[PDB]
Amino acid sequence: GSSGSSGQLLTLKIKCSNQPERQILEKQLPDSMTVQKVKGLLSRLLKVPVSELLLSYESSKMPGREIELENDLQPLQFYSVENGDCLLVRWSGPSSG
């Protein structure tokens, strides 16, 4: 790709919230990337629609607490997400409301 200076790539770990058994992987993405893109990238992987793809990162400073990213147009840096953090991919099937 480009790999320019603008925006740096963070190193986090992806782990399905509903599928704990599923081994953990590591993906490097530019803090600039919009939560939306991250969801669309995995959408084709887990065959899940970016809509049902609820991304939630765990802030080290505040353990035992996850932040459900509702805004997609917002980058990763917007949620104070820095290398080392943990990525949680959660999705629901049967709608309710």
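Before any of the text, the structure's been laid out above.
Residues numbered from 1 in each chain as written, not as in the entry; some residues may be left out. Heavy atoms only, no water.

**Student:** Outline the pairing of strand β3 (residues 54-58), listing residues and values.
**Tutor:** Direction of pairing for β3 relative to strand β5 (residues 86-90): antiparallel, over a ladder of 5 bridges. Residue pairing in the sheet places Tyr-57 in a bridge with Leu-87 of β5. (Pairing = 2+ DSSP bridges. Helix = DSSP H or I, 4+ residues; strand = E, 2+ residues; numbered from the N terminus.)

**Student:** Explain the nonpolar core residue by residue, including any values.
**Tutor:** Core analysis: the largest hydrophobic core is formed by 20 residues, its most contacted members being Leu-69, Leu-76, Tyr-79, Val-81, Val-89 and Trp-91. Secondary structure elements with two or more residues in this core: β1 (9-16), α1 (35-43), β3 and β5. The element best represented in this core is β1, accounting for 4 residues. Discounting chain neighbours no more than four positions away, the residues touching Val-81 are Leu-10, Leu-12, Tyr-57 and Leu-76. (Core = buried A, V, L, I, M, F, W, Y, C linked by side-chain atoms within 4.5 Å. Buried < 20%, exposed > 50% of the residue type's maximum accessible area, 1.4 Å probe, protein only. Contact = heavy atoms within 4.5 Å.)

**Student:** Go over the sheet that holds β3 with me, naming the residues and quoting the values.
**Tutor:** Spatially, the 5 strands line up as an open sheet ordered β2-β1-β5-β3-β4, and their pairing is mixed. Single-partner strands in this sheet number two, and they are β2 (25-30) and β4 (66-68). Between one strand and the next, the sheet's axes are offset by a mean angle of 35°, whatever the strand orientation. Relative to β2, β1 runs antiparallel, the two being bridged by 6 bridges. Pairing of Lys-13 across the sheet is with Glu-26, part of β2. (Axes fitted to C-alpha atoms, helices over the stretch in contact; angles between N-to-C directions.)

**Student:** Would you mind going over unusual backbone geometry in detail, with residue names and values included?
**Tutor:** Of note in this structure, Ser-3 is not a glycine but carries a positive phi near 60°. Its place among the elements puts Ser-3 in the segment before β1. Residue class for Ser-3 comes out exposed when judged on its relative accessible area of 71%. Look at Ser-80: it is not a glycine, yet its phi comes out positive at around 55°. Checked against the element boundaries, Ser-80 lands in the loop between β4 and β5.

**Student:** Talk me through the pattern of salt bridges; I want residue IDs and the actual numbers.
**Tutor:** Here the idea is simple: oppositely charged side chains can pair when their charged atoms come close. By the definition in use, this model includes 1 salt bridge. Of the charged contacts, one joins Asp-72 and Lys-39 as a salt bridge, the two residues approaching to 3.7 Å between their closest N and O atoms. Of this pair, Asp-72 sits in the loop between β4 and β5 while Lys-39 sits in helix α1, and the two are 33 residues apart along the sequence. Classification of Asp-72 as buried rests on a relative accessible area of 17%. Overall, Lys-39 belongs to the buried group, its relative accessible area being 3%. (Salt bridge = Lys/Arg side-chain N within 4 Å of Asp/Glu carboxyl O.)

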